[PDB]
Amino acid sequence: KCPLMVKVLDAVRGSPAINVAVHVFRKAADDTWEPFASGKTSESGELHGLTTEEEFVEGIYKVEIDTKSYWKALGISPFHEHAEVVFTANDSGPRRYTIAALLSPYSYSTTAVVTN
């Protein structure tokens, strides 16, 4: 299985958010953010294949979603620079994580679905 997936929806058009840039970081032993994985959502607004179970070890992760470039190419000037989701992962063994974000120019919501 694929342990980390990202799903993005547009709440203005009622559609997947397509071609949204995503960057994932893991908190360093030295207290800082190391690049972990990056990608772009597809035509269904999903991003698969960021990591593997082997490489996705315990840690603190930050999933940064580049909402402002997205809204920009649609002629919108949004409030947020981006949407960042920060969470501890795999601290009681391996899990599968989907991080969904719902986007509006001045609002966004994010929910995590974690299965075992």
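Don't overthink the numbering: it's just position in the shown sequence, from 1. Superpose the two forms; the largest set of C-alphas matching within 1.5 Å is the rigid core.
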After fitting on the rigid core, pick out whichever of 61-69 or 84-92 shows the bigger RMS C-alpha deviation in 8 other deposited structures of this protein. 84-92
For the stretches 54-62 and 29-37, which has the higher mean C-alpha B-factor as given in the deposited record? 29-37
In terms of the chain's CA B-factor thirds, is residue 105 lowest, middle or highest? middle
Could you say whether, by C-alpha temperature factor, residue 19 belongs to the lowest, middle or highest third of its chain? middle
Taking the chain's C-alpha temperature factors as the reference, tell me which third residue 76 falls into: lowest, middle or highest. highest
Where does the C-alpha B-factor of residue 2 rank in its chain, lowest, middle or highest third? highest
